[PDB]
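Undergrad: Got a structure for you, written out below as structure tokens; questions coming shortly.
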There are 2 protein chains.
Amino acid sequence: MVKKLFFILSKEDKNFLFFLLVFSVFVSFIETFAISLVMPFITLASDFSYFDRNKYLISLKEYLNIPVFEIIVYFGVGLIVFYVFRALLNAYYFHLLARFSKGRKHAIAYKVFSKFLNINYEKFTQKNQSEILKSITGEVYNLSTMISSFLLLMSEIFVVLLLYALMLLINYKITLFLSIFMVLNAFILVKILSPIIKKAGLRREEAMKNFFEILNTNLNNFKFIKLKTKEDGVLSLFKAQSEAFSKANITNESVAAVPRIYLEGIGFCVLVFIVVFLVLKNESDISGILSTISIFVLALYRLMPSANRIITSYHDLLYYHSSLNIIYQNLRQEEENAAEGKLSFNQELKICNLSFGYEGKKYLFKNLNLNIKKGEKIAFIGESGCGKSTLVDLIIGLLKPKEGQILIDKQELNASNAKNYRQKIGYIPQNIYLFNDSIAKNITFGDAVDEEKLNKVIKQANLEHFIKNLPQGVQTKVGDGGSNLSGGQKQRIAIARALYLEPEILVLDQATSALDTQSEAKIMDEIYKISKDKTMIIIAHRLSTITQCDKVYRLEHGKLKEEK
Amino acid sequence: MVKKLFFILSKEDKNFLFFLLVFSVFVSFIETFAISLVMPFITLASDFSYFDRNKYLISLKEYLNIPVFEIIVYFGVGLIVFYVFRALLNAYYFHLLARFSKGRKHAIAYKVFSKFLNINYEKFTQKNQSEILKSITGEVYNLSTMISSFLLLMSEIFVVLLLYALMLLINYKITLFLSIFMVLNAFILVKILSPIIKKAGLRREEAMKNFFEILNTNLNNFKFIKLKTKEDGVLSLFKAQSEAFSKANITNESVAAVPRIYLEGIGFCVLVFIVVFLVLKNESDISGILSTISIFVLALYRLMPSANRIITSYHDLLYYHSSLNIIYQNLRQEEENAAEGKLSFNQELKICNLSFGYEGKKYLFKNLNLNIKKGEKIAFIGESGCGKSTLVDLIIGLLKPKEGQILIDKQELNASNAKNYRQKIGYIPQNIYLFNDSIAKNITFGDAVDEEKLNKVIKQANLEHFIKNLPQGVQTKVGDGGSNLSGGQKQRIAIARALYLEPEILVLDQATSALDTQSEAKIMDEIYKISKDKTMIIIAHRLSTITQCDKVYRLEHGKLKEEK
Ligand SMILES: Nc1ncnc2c1ncn2[C@@H]1O[C@H](COP(=O)(O)OP(=O)(O)OP(O)(O)=S)[C@@H](O)[C@H]1O
Ligand SMILES: Nc1ncnc2c1ncn2[C@@H]1O[C@H](COP(=O)(O)OP(=O)(O)OP(O)(O)=S)[C@@H](O)[C@H]1O
Ligand SMILES: [Mg+2]
């Protein structure tokens with residue numbers, strides 16, 4: 001509830017919140033002071049006689065440091081300076097409310113992005129890209145406006161309490177008498193309304209998750225969709241969620257419209273009813289009706305905006321927060337990797353008693369055993385679907401094992417040191433995403449540029465012929481996902497991606513699948529003649545690539561075994 | 001600027017907008033009549049002496065229908081019914097406002113997504129996926145709330161004009177005084193705030209664009225990012241743009257808080273300055289001291305809200321509108337497709353004179369010639385990157401030739417019939433995206449489920465062993481993009497995709513590169529004994545796939561020439 005919120009906000013944001021609360025109560029005081037100092041300055045106008053009666057207003061004349069005219073100047077300069085001060089302080093306080101609410105987007109977005117980027121590769125494997133995007137994009141933004149709404153609610157409730165006391169001071173009767181009436185009005189405005197808004201907020205978050213998923217997947221299949229001609233079906237399924245989302249939004253905004261209107265109608269009708277009941281029988285009279293009706297209308301007119309603000313802010317905390325702040329609570333309590341150990345690999349790499357399965361699946365391995373000395377260059381062959389890429393995703397730093405250990409020079413590879421060991425692997429993942437930028441990027445993956453190293457890596461992946469006759473050269477852009485390229489070009493850029501990384505273990509996993517037999521020959525011949533200081537792992541369903549692999553292993557419905 | 005806005009809105013909600021202008025004029029009328037009618041209703045309080053003077057008010061006392069005390073009761077029921085009526089009128093108006101303003105999300109969004117789904121496949125190729133995701137949820141939302149802002153600007157300038165019209169009648173000189181005063185204050189407010197807001201809104205749009213892409217692409221390379229360890233420099237790239245975006249919104253909100261503050265402060269100041277200007281040298285004796293302060297303050301207290309409204313609303317139209325209203329105008333003028341004619345393919349598929357390069361690039365073909373008789377089953381082979389997939393993308397629906405024709409049974413394939421033509425393609429891509437749902441869907445790709453057909457297609461892609469020993473079998477979900485599978489399982493599913501579609505041209509383009517020699521034998525053997533009624537096109541770097549093909553062509557820097 002609020003505990004979820006105070007978990008989301010860091011140990012510095014809570015401090016900002018308490019600071020804004022104190023600033024809020026103070027600004028409440030100052031605005032009460034403004035609306036209260038309206039009256040005395042207003043009264044010393046057509047009738048200066050108020051300087052001759054009232055005990056608290058007649059003591060000022062006795063000073064006689066000024067005659068009778070010169071009182072209003074000492075009143076006026078102070079009044080206008082206090083109002084200048086009011087305007088400036090309110091500007092500052094509103095700018096702070098901004099700095100807090102709209103800055104929560106930055107405060108929380110990158111936090112959720114970190115929590116996502118840091119989870120285990122398989123923990124991410126069971127996640128959903130579109131929901132991630134919906135979190136860091138839309139949900140944190142609703143959370144930010146929700147922060148602003150909760151904050152504005154707190155400031156306005158403090159204003160309400162201070163006005164409540166100030167109205168209790170003078171004519172306690174009407175003040176307490178009206179407090180219960182307006183509170184009951186709020187009770188029926190909330191009880192009758194709030195379920196609507198909660199249901200609509202649930203509707204809207206669900207619809208948003210939906211149309212995020214639908215946009216993402218159908219764009220990711222655009223070509224097949226254009227072949228199958230069913231663009232209109234995708235569009236129809238999108239129209240579904242868009243109508244749902246928009247309908248919830250319109251119900252929310254119209255709800256948020258109704259409380260001001262209700263307060264207006266009910267308060268005006270009860271004012272006219274009370275005066276209609278007073279025309280015949282009146283509990284106050286002469287100078288008594290003036291006071292009661294005037295202080296009454298002023299207090300009511302000042303109060304109603306605050307109360308509308310209160311109700312609308314709580315309903316907003318129901319619309320977003322409820323169906324949405326949960327979506328962040330559940331996202332910052334996630335299994336995150338850790339640690340910082342370094343590891344050395346100068347002899348061998350034993351597997352030992354592995355055994356593995358996915359978070360709720362049957363085992364693929366069950367105490368298999370294997371060991372790769374530095375520079376061995378082994379290769380796993382099997383039938384499609386038995387568990388090769390899984391085993392290798394296990395040998396490298398992803399996928400913690402279920403029984404075994406994996407040892408790097410007889411040293412267990414665990415969370416404590418898996419970072420520095422991951423730093424050793426160049427992958428080439430068989431199906432490869434290239435982010436739309438330069439061919440220089442992707443290859444480097446952002447990490448510096450060694451011009452001659454990059455040209456070495458370009459030549460080694462026999463890309464030299466491809467970049468040389470592009471117009472912009474190495475700087476040529478690649479298209480989204482690598483769509484502006486061919487297949488073999490995409491995979492050569494992945495091979496070179498990994499070669500730039502430096503070696504110390506070089507996985508393959510169908511790295512030459514999109515190349516012919518001949519380009520693959522060239523690439524394997526340029527690679528083998530450099531992979532004789534590091535070890536490497538070759539996964540290829542087609543032969544020829546494994547011609548220079550020394551030991552050839554083969555998985556089965558049981559553990560793997562050697563083969564020559 | 002507004003022409004854009006009326007392009008985005010259809011010939012319906014354009015007329016709905018005219019309707020809402022009318023209704024906002026009416027609500028303005030009733031809203032001003034409310035306060036105006038409260039004034040002659042408060043006039044009959046402590047001193048009942050106004051029923052005997054003023055020419056317009058004494059013409060009803062001696063109607064003699066009722067004594068004089070029984071007048072206030074009829075006036076009172078008038079007031080109660082009118083005020084509940086005003087409540088209901090405002091309810092309906094604010095509902096229509098929310099429904100139109102927050103309702104534009106649905107219609108506009110599905111229109112943009114329709115546009116993007118309907119562009120030529122190459123025209124799509126030169127688009128970024130993330131920009132599309134943003135211009136379909138982030139910028140549509142950013143257009144909806146500010147459609148609301150445009151509405152409010154129109155309604156409030158209309159009510160301000162009618163309110164000035166009333167002030168012109170009742171008390172003329174201070175009317176012009178306040179008019180000059182507050183229009184000049186609004187003007188300085190606008191000319192000082194609006195550049196800040198334009199700059200900020202440009203910054204917010206730019207941040208948001210850069211800020212979606214990091215999310216998209218790094219989520220798409222997650223595996224590599226965790227392997228290279230660089231899983232927070234990514235987070236740093238995000239932190240930059242999230243901070244920029246948040247600061248932008250900070251400036252927006254803190255600015256929009258300034259007009260209201262400046263207006264209320266300066267208004268209290270003009271009240272006090274006019275009364276202190278009045279005390280010593282007064283332009284009115286005995287009369288007008290109250291008649292010109294009461295109505296003047298009571299109407300300034302209503303002009304200030306609508307003035308702040310107009311100012312901050314125009315400023316919203318600066319912040320968001322410039323940023324994404326332009327994006328939308330731009331994303332609605334875009335090349336769509338067309339077509340409706342039918343194509344019958346019972347003999348040959350001539351290509352003839354086929355020239356093509358990508359929209360700005362050098363040519364890849366230049367009048368190659370081919371003619372695939374029905375059922376021929378040919379196959380393309382070339383070196384990685386010479387463009388066989390481009391030729392295939394031309395021979396199926398997408399991709400329009402620069403000079404060629406492509407003739408189906410001696411009928412020109414063009415955008416009058418390409419729809420029905422594409423209907424005949426079973427694709428199978430190089431890289432397979434399986435959206436994350438049932439293994440039945442993907443294979444079906446939505447089009448219902450015909451049991452025997454699904455199972456026969458499963459068994460043809462030898463996936464039957466897989467979905468047998470699977471827990472939920474043909475129902476087990478596939479994971480994001482097919483992540484929860486193997487590459488070969490993904491590929492055989494895509495084979496099942498193209499099989500389930502019915503035949504009539506069966507493209508492959510390395511449909512078996514992720515499968516072993518034996519399972520590829522199995523798949524091709526299953527296919528060739530069913531593809532002897534339809535035609536097909538294999539693109540395979542590895543041999544053996546092309547064993548049973550009839551004619552095998554080869555692509556070069558020039559055209560393609562047969563090979564046997
Ligand atoms: N989506 C695209 N947009 C623009 N240009 C492209 C695109 N795809 C390919 N090209 C150009 O066409 C040439 C080869 O493209 P492809 O048709 O992918 O090659 P391919 O030989 O069919 O695929 P491979 O290498 O055999 S798996 C390249 O030089 C590119 O410049
Ligand atoms: N990310 C994942 N999440 C859940 N299950 C998975 C995942 N990856 C693989 N599996 C399962 O584990 C088995 C082995 O997966 P892979 O390692 O992809 O097989 P493979 O031997 O690499 O396949 P190929 O075609 O030879 S690359 C498959 O049957 C999958 O059902
Ligand atoms: Mg290709």
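Just remember, in the structure tokens the first chain shown is A, the second B, etc., residues are 1-based per chain, and ligands are 1-based in the order shown.
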With only C-alpha atoms and all ligand atoms counted, collect every polymer residue having an atom within 8 Å of ligand 2; state the result as a PyMOL selection string.

TA: (chain A and resi 122+125-126+357-359+361+364+381-393+430+509-510+539-541) or (chain B and resi 466+479+483-489+514-516)

Undergrad: Can I get the selection written as a short mmCIF file (atom, residue, chain, number, x, y, z; two decimals), in the first residue's frame, with N, CA, C and O atoms?

TA:
```cif
data_model
loop_
_atom_site.label_atom_id
_atom_site.label_comp_id
_atom_site.auth_asym_id
_atom_site.auth_seq_id
_atom_site.Cartn_x
_atom_site.Cartn_y
_atom_site.Cartn_z
N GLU A 122 18.27 -17.09 -17.45
CA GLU A 122 17.05 -17.88 -17.55
C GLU A 122 15.88 -17.19 -16.86
O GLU A 122 14.74 -17.28 -17.33
N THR A 125 14.81 -15.28 -19.34
CA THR A 125 14.29 -16.07 -20.45
C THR A 125 12.81 -16.33 -20.27
O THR A 125 12.09 -16.43 -21.27
N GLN A 126 12.34 -16.43 -19.03
CA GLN A 126 10.90 -16.60 -18.84
C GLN A 126 10.15 -15.28 -18.73
O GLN A 126 8.95 -15.29 -18.41
N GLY A 357 18.33 -28.75 -15.42
CA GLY A 357 17.01 -28.65 -16.01
C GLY A 357 16.56 -27.21 -15.85
O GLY A 357 17.18 -26.43 -15.12
N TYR A 358 15.48 -26.87 -16.54
CA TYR A 358 14.95 -25.52 -16.46
C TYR A 358 13.87 -25.44 -15.39
O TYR A 358 13.23 -26.44 -15.05
N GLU A 359 13.64 -24.22 -14.89
CA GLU A 359 13.06 -23.96 -13.57
C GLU A 359 11.93 -24.90 -13.15
O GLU A 359 11.62 -25.00 -11.96
N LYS A 361 11.34 -28.04 -15.34
CA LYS A 361 11.38 -29.04 -16.41
C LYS A 361 12.19 -30.26 -15.99
O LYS A 361 12.92 -30.25 -15.00
N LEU A 364 17.97 -32.55 -18.62
CA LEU A 364 18.56 -32.92 -19.90
C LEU A 364 19.88 -33.66 -19.75
O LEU A 364 20.27 -34.38 -20.67
N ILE A 381 28.16 -32.40 -31.04
CA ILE A 381 27.25 -32.76 -32.12
C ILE A 381 26.10 -33.56 -31.54
O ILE A 381 26.30 -34.36 -30.62
N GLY A 382 24.90 -33.34 -32.05
CA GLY A 382 23.75 -34.10 -31.61
C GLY A 382 22.59 -33.94 -32.57
O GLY A 382 22.75 -33.43 -33.68
N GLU A 383 21.43 -34.41 -32.14
CA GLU A 383 20.20 -34.16 -32.87
C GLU A 383 19.53 -32.90 -32.34
O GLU A 383 19.69 -32.54 -31.17
N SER A 384 18.78 -32.23 -33.21
CA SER A 384 18.16 -30.97 -32.85
C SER A 384 17.18 -31.16 -31.69
O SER A 384 16.17 -31.86 -31.83
N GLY A 385 17.49 -30.54 -30.56
CA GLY A 385 16.59 -30.50 -29.43
C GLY A 385 17.03 -31.28 -28.21
O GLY A 385 16.25 -31.38 -27.26
N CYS A 386 18.25 -31.83 -28.19
CA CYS A 386 18.67 -32.67 -27.09
C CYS A 386 19.40 -31.91 -25.98
O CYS A 386 19.43 -32.39 -24.84
N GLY A 387 19.98 -30.75 -26.28
CA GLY A 387 20.50 -29.88 -25.24
C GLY A 387 21.92 -29.38 -25.39
O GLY A 387 22.63 -29.24 -24.39
N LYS A 388 22.34 -29.06 -26.61
CA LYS A 388 23.71 -28.60 -26.83
C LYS A 388 23.89 -27.14 -26.42
O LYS A 388 24.75 -26.82 -25.59
N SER A 389 23.11 -26.24 -27.02
CA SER A 389 23.22 -24.83 -26.65
C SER A 389 22.95 -24.64 -25.17
O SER A 389 23.53 -23.75 -24.55
N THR A 390 22.09 -25.47 -24.57
CA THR A 390 21.88 -25.39 -23.13
C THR A 390 23.15 -25.74 -22.37
O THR A 390 23.58 -24.99 -21.47
N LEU A 391 23.78 -26.86 -22.71
CA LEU A 391 25.04 -27.24 -22.08
C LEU A 391 26.07 -26.12 -22.19
O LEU A 391 26.77 -25.82 -21.22
N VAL A 392 26.18 -25.49 -23.37
CA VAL A 392 27.21 -24.48 -23.54
C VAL A 392 26.83 -23.19 -22.81
O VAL A 392 27.68 -22.55 -22.19
N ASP A 393 25.56 -22.80 -22.87
CA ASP A 393 25.06 -21.72 -22.05
C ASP A 393 25.30 -21.98 -20.58
O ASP A 393 25.29 -21.05 -19.77
N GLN A 430 24.22 -17.81 -32.98
CA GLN A 430 23.41 -18.55 -33.96
C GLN A 430 22.23 -17.74 -34.50
O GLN A 430 22.03 -17.69 -35.72
N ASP A 509 28.52 -22.24 -31.92
CA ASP A 509 27.07 -22.39 -31.98
C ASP A 509 26.52 -21.92 -33.33
O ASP A 509 25.89 -20.87 -33.45
N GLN A 510 26.80 -22.73 -34.36
CA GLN A 510 26.28 -22.48 -35.71
C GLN A 510 26.71 -21.12 -36.25
O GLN A 510 25.94 -20.43 -36.91
N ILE A 539 29.82 -25.62 -32.25
CA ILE A 539 28.55 -26.32 -32.41
C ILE A 539 28.07 -26.10 -33.83
O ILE A 539 27.76 -24.97 -34.21
N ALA A 540 28.02 -27.17 -34.61
CA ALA A 540 27.56 -27.11 -35.99
C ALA A 540 26.90 -28.42 -36.34
O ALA A 540 27.47 -29.49 -36.10
N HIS A 541 25.68 -28.35 -36.89
CA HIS A 541 25.00 -29.55 -37.34
C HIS A 541 25.62 -30.09 -38.62
O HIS A 541 25.60 -31.31 -38.85
N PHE B 466 8.68 -34.29 -30.57
CA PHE B 466 8.79 -33.20 -29.61
C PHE B 466 7.49 -33.00 -28.84
O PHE B 466 7.46 -33.08 -27.61
N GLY B 479 7.64 -19.23 -25.68
CA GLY B 479 8.62 -18.28 -25.19
C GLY B 479 8.78 -17.09 -26.12
O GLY B 479 8.36 -17.11 -27.28
N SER B 483 12.30 -18.13 -27.73
CA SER B 483 13.50 -18.29 -26.92
C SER B 483 13.46 -19.61 -26.16
O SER B 483 14.47 -20.31 -26.05
N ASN B 484 12.29 -19.98 -25.65
CA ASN B 484 12.17 -21.19 -24.84
C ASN B 484 12.31 -22.48 -25.64
O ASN B 484 12.14 -23.57 -25.08
N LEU B 485 12.62 -22.40 -26.92
CA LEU B 485 12.85 -23.57 -27.75
C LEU B 485 14.33 -23.72 -28.06
O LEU B 485 15.19 -23.03 -27.50
N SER B 486 14.62 -24.64 -28.97
CA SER B 486 15.89 -24.69 -29.68
C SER B 486 15.73 -24.07 -31.06
O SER B 486 14.61 -23.82 -31.53
N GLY B 487 16.86 -23.82 -31.71
CA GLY B 487 16.81 -23.30 -33.06
C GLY B 487 16.10 -24.24 -34.01
O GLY B 487 15.27 -23.82 -34.81
N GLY B 488 16.41 -25.54 -33.91
CA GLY B 488 15.79 -26.51 -34.79
C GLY B 488 14.30 -26.68 -34.53
O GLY B 488 13.53 -26.89 -35.47
N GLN B 489 13.88 -26.59 -33.27
CA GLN B 489 12.45 -26.62 -32.97
C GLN B 489 11.75 -25.40 -33.57
O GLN B 489 10.67 -25.51 -34.16
N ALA B 514 19.47 -24.87 -39.44
CA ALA B 514 19.56 -25.12 -38.01
C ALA B 514 19.25 -26.57 -37.64
O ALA B 514 19.23 -26.89 -36.45
N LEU B 515 19.00 -27.43 -38.62
CA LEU B 515 18.72 -28.84 -38.40
C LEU B 515 19.91 -29.69 -38.82
O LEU B 515 20.73 -29.29 -39.65
N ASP B 516 19.99 -30.89 -38.24
CA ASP B 516 21.07 -31.81 -38.57
C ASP B 516 20.86 -32.39 -39.97
O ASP B 516 19.83 -32.20 -40.61
#
```

Undergrad: Neighbouring residues of residue 560 (chain A) were defined as those with any atom within 9 Å, considering only C-alpha atoms; residues of the same chain fewer than 2 positions away were excluded. Please report them as an MDAnalysis selection string.

TA: chainID A and resid 365 368:370 380 553:558 562

Undergrad: Mind giving me the straight-line distance from CA of residue 80 (chain A) to CA of residue 45 (chain A) in Å, one decimal?

TA: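 Computing it gives 16.5 Å between the two atoms.
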
Undergrad: Calculate how many Å separate atom 24 (P, counted along the ligand's line) of ligand 1 from CA of residue 432 (chain A), rounding to one decimal.

TA: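 Calculated distance between atom 24 (P, counted along the ligand's line) of ligand 1 and CA of residue 432 (chain A) is 14.5 Å.
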
Undergrad: Just the residues within 10 Å of residue 61 (chain B), please, counting only C-alpha atoms, with nothing from its chain fewer than 6 positions along; format it as a PyMOL selection string.

TA: chain B and resi 51-52+67-68+71

Undergrad: Which residue, B:498, B:511, B:286, B:530, has the smallest gap to ligand 3 when you use only C-alpha atoms and all ligand atoms?

TA: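 Smallest distance to ligand 3 is found for B:511.
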
Undergrad: In terms of the shortest atom-to-atom distance over only C-alpha atoms, which of B:223, B:410, B:497, B:3 is closest to chain A?

TA: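 Distance minimum relative to chain A lands on B:223.
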
Undergrad: Give me, as a PDB file with N, CA, C and O atoms, in the first residue's frame, all polymer residues having an atom no more than 12 Å from residue 289 (chain A), counting only C-alpha atoms and skipping those fewer than 5 positions away in the same chain.

TA:
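Saved the output as result_35.pdb:
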```
ATOM      1  N   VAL A 275     -31.175  29.505   3.859  1.00  0.00           N
ATOM      2  CA  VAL A 275     -31.729  30.858   3.909  1.00  0.00           C
ATOM      3  C   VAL A 275     -33.248  30.837   3.721  1.00  0.00           C
ATOM      4  O   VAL A 275     -33.967  31.672   4.301  1.00  0.00           O
ATOM      5  N   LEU A 278     -34.562  30.215   6.965  1.00  0.00           N
ATOM      6  CA  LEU A 278     -34.327  31.328   7.878  1.00  0.00           C
ATOM      7  C   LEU A 278     -35.246  32.519   7.640  1.00  0.00           C
ATOM      8  O   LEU A 278     -35.395  33.344   8.548  1.00  0.00           O
ATOM      9  N   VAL A 279     -35.843  32.653   6.449  1.00  0.00           N
ATOM     10  CA  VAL A 279     -36.655  33.848   6.184  1.00  0.00           C
ATOM     11  C   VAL A 279     -37.798  33.986   7.196  1.00  0.00           C
ATOM     12  O   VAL A 279     -38.168  35.104   7.583  1.00  0.00           O
ATOM     13  N   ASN A 282     -35.453  32.470  12.208  1.00  0.00           N
ATOM     14  CA  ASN A 282     -34.017  32.678  12.051  1.00  0.00           C
ATOM     15  C   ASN A 282     -33.310  32.591  13.395  1.00  0.00           C
ATOM     16  O   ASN A 282     -33.657  33.321  14.327  1.00  0.00           O
ATOM     17  N   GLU A 283     -32.293  31.724  13.482  1.00  0.00           N
ATOM     18  CA  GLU A 283     -31.541  31.565  14.723  1.00  0.00           C
ATOM     19  C   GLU A 283     -30.630  32.750  15.023  1.00  0.00           C
ATOM     20  O   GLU A 283     -30.245  32.938  16.182  1.00  0.00           O
ATOM     21  N   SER A 284     -30.270  33.540  14.014  1.00  0.00           N
ATOM     22  CA  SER A 284     -29.523  34.776  14.196  1.00  0.00           C
ATOM     23  C   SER A 284     -30.270  35.917  13.517  1.00  0.00           C
ATOM     24  O   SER A 284     -31.113  35.695  12.643  1.00  0.00           O
ATOM     25  N   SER A 294     -21.781  35.877   6.077  1.00  0.00           N
ATOM     26  CA  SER A 294     -20.581  36.331   5.382  1.00  0.00           C
ATOM     27  C   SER A 294     -19.393  35.422   5.672  1.00  0.00           C
ATOM     28  O   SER A 294     -18.719  34.948   4.745  1.00  0.00           O
ATOM     29  N   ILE A 295     -19.107  35.176   6.956  1.00  0.00           N
ATOM     30  CA  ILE A 295     -18.019  34.257   7.273  1.00  0.00           C
ATOM     31  C   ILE A 295     -18.331  32.874   6.718  1.00  0.00           C
ATOM     32  O   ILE A 295     -17.427  32.163   6.260  1.00  0.00           O
ATOM     33  N   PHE A 296     -19.617  32.507   6.669  1.00  0.00           N
ATOM     34  CA  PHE A 296     -20.026  31.210   6.152  1.00  0.00           C
ATOM     35  C   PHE A 296     -19.709  31.081   4.668  1.00  0.00           C
ATOM     36  O   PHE A 296     -19.082  30.105   4.242  1.00  0.00           O
ATOM     37  N   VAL A 297     -20.133  32.058   3.864  1.00  0.00           N
ATOM     38  CA  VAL A 297     -19.906  31.973   2.426  1.00  0.00           C
ATOM     39  C   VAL A 297     -18.419  32.070   2.112  1.00  0.00           C
ATOM     40  O   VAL A 297     -17.921  31.374   1.223  1.00  0.00           O
TER      41      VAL A 297
ATOM     42  N   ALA B  45     -31.448  40.701   1.269  1.00  0.00           N
ATOM     43  CA  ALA B  45     -31.066  40.110   2.550  1.00  0.00           C
ATOM     44  C   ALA B  45     -31.384  41.005   3.739  1.00  0.00           C
ATOM     45  O   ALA B  45     -32.527  41.064   4.209  1.00  0.00           O
ATOM     46  N   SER B  46     -30.350  41.678   4.253  1.00  0.00           N
ATOM     47  CA  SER B  46     -30.498  42.498   5.445  1.00  0.00           C
ATOM     48  C   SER B  46     -31.371  43.714   5.167  1.00  0.00           C
ATOM     49  O   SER B  46     -32.285  44.016   5.944  1.00  0.00           O
ATOM     50  N   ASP B  47     -31.110  44.424   4.072  1.00  0.00           N
ATOM     51  CA  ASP B  47     -31.928  45.558   3.653  1.00  0.00           C
ATOM     52  C   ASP B  47     -32.773  45.128   2.458  1.00  0.00           C
ATOM     53  O   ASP B  47     -32.251  44.939   1.353  1.00  0.00           O
TER      54      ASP B  47
END
```

Undergrad: Mind checking DSSP for region 292-509 of chain B and telling me the alpha helix (DSSP H) residues as JSON, numbers by chain?

TA: {"B": [292, 293, 294, 295, 296, 297, 298, 299, 300, 301, 302, 303, 304, 305, 306, 307, 308, 309, 310, 311, 312, 313, 314, 315, 316, 322, 323, 324, 325, 326, 327, 328, 329, 330, 331, 332, 388, 389, 390, 391, 392, 393, 394, 395, 418, 419, 420, 421, 422, 440, 441, 442, 443, 451, 452, 453, 454, 455, 456, 457, 458, 459, 460, 464, 465, 466, 467, 468, 487, 488, 489, 490, 491, 492, 493, 494, 495, 496, 497, 498, 499, 500]}

Undergrad: Which residue out of A:500, A:245, A:356, A:314 has the minimum interatomic distance to chain B when only C-alpha atoms are used?

TA: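 Counting only C-alpha atoms, the residue closest to chain B is A:245.
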